[PDB]
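Asker: so I pulled this structure from the PDB, and the sequence comes with it:
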Amino acid sequence: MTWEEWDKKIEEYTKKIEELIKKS
Amino acid sequence: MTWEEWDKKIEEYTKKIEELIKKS
Amino acid sequence: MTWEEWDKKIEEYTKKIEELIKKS
Amino acid sequence: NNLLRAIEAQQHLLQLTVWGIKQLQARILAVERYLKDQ
Amino acid sequence: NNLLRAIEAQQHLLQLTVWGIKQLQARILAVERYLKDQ
Amino acid sequence: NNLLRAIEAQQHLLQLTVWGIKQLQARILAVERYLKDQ
């Protein structure tokens, strides 16, 4: 994996988590 | 943000989490 | 703590978490 | 509830570690480049 | 439920920070060794 | 319950990443200073 793919995976999962926090 | 502000934010949230873990 | 002890503690807790996620 | 508050505070913790990790990667990269340039 | 999904996504986040931290430690170690060897 | 145990184990995981990140920052800082001093 690269740091560009890392940066993106981080953002993807940060977004998911933030929506799961509102849903809950 | 600096590493001094980082160190402190880390500790602040570590403390909060530990109290939320006991409360639960 | 060393990086060898770190690597192992990481794996230990990753395993625990993954079993707690299935149990739940 | 308190459980949700835990998870939120853990999320703040994580975002702080992400911040530190990006700082460190840029800094280590700048050093590698410096040594290469030298 | 959504709560469990949060925790799973947080776990994925964590594993990503672990990955970055191991990358950085190997890289900083290689630089320290280079300077020592020089 | 198991959910709380997950969160606790995640908290231990996080504290380990914080430890690594502080190790790496001190080490990268010591290298930057070394290069500056040289």
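Answerer: Structure received. Residues are numbered from 1 along each chain as shown, chains lettered A, B, ... in the order given.

Asker: so who does residue 7 touch?
Answerer: Assuming you mean chain A. Shown in contact with residue A:7 (Cβ atoms under 8 Å, 6 or more residues apart in numbering or on different chains): residue D:22. Where C-beta positions appear, they are placed from N, C-alpha and C, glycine not excepted.

Asker: not what I meant, chain D
Answerer: Taking Cβ under 8 Å, 6+ apart, one finds A:21, E:3, E:6, E:7, E:10, F:7 in contact with residue D:7.

Asker: and those as CSV, adding secondary structure?
Answerer: Formatted as CSV, the contacts of residue D:7 follow (DSSP: H, G, I helix; E, B strand; the rest coil):
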residue, secondary structure
A:21, helix
E:3, helix
E:6, helix
E:7, helix
E:10, helix
F:7, helix
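
Asker: contact residues of chain D facing chain A?
Answerer: Counting by Cβ under 8 Å from any Cβ of the partner chain, chain D comes close to chain A at D:4, D:7, D:8, D:11, D:15, D:18, D:22, D:25.

Asker: circling back to that earlier point, and of the contacts of residue D:7, the nearest to chain C?
Answerer: residue E:7 (6.8 Å; Cβ to the nearest Cβ).

Asker: what residues does stretch A:15-22 touch?
Answerer: D:4, D:7, D:8, D:11, E:2, E:3, E:5, E:6, E:9, E:10, E:13.

Asker: out of these, which are buried?
Answerer: D:4, D:7, D:8, D:11, E:3, E:6, E:9, E:10, E:13 (16 or more other Cβ atoms under 10 Å in any protein chain shown).

Asker: thanks a lot, catch you later.
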